[PDB]
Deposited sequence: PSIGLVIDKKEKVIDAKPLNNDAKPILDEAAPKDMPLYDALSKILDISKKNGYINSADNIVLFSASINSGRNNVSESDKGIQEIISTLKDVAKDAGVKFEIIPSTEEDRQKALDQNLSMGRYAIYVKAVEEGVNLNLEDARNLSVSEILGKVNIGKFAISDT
């Protein structure tokens, strides 16, 4: 499941959309609208664990974010959400330019960034795999030491 949230400057969720059909039931039970970003994502992860999407094997969540040191506050919230839930995380900063390219092909900002990155490093990742492979699977395929890493 892929979910897109819109937040205001105080990190209140003002809009929420399922980026695929199997995100709809999780959004309905989570009801993230008007909630704090931390609360919204924490319940989304809680529901995901209940429904079976998050488990000991696939224990990685992929976040991506774009503005319009503010993003650092957002990034800290995303780290807290994952650590407090006991799941590993990858956070991929994005841009409005890339978000629109992702929307145009019905991909999340995170999967789009990862799909583009794999192509540039010569990894065999077709469009269907980029959209449907599990988070832990696509990260194992793309993160092979062929591009720069930093913290």
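Gaps in the coordinates relative to the deposited sequence fall at 69-78, 162.
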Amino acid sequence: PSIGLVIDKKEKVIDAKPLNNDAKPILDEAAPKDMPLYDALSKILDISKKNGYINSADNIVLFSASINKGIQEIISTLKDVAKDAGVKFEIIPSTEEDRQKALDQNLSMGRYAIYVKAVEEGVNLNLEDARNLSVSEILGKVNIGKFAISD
From here on, numbers count along this sequence of modelled residues.
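Set 18-26 against 5-13 and average the Cα temperature factors; 18-26 ends up higher. On average the C-alpha atoms of 51-59 have higher B-factors than those of the other stretch, with 29-37 and 51-59 being the two compared. Each of 99, 69, 117, 111 has a CA temperature factor in the record; the biggest one is found at 69. In this PDB entry, residue 64 carries a Cα temperature factor that places it within the lowest third of its chain's modelled residues.
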